[PDB]
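Next up is one chain by itself, shown in structure tokens, the form deposited in one PDB entry.
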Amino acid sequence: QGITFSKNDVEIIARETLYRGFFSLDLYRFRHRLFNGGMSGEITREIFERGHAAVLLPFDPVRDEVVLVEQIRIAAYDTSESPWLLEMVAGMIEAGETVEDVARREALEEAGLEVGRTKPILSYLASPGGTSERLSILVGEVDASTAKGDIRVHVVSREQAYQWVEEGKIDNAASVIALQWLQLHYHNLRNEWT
């Protein structure tokens, strides 16, 4: 079956910016259809607005290796042993840029990686109870033996990277989603990129 209602079954009455700095905190005021058939009353929700991002999983299909980038993310501090995380290449998307354009650029800049073919993985909402942020992931064909370049660049086997997901050593959403997808799809990907 699936979801019942569409973007046309909600009325956004007004938006209000409660905080504006590098990012924003907005208040949405809205009403929406109910499953029974009625119309909700007026609801307000706080929403963290920080734009949207492109993510690239660098995968070498011949070596069966991924490239990860390590750097500090201070928001991890309170719930992690260390705030230095192993992550995918990623960048914010500015007006007029494509996901692929940003993903290729950041792969070159962050990890010194020239990307061959790309393929979409998935596009996901990071945490839609409280933020609008959407991240669109591509897998990018790389030669992992060329990975060069603060930030530290790591080359590891696909199996090792996935075991690190299982063990909680990689535990940021973008990387977890990308590496789980790779564990499910690497056979067909290796075939396609031969």
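Throughout, rigid core stands for the largest set of C-alpha atoms superposing within 1.5 Å between the two forms. Quick note: we count residues from 1 along the sequence shown, nothing fancier.
What comes next is about the form deposited in another entry, which is not displayed.
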### Task
Tell which of 27, 62, 125, 34, after superposing on the rigid core, has its C-alpha displaced by 2 Å or more between the shown form and the other one, please.
34
### Query
So with the core overlaid, does the Cα of residue 171 end up 2 Å or more away between the shown form and the other one?
no
### Query
Once everything's superposed on the core, is residue 7 shifted 2 Å or more at the Cα between the shown form and the other one?
yes
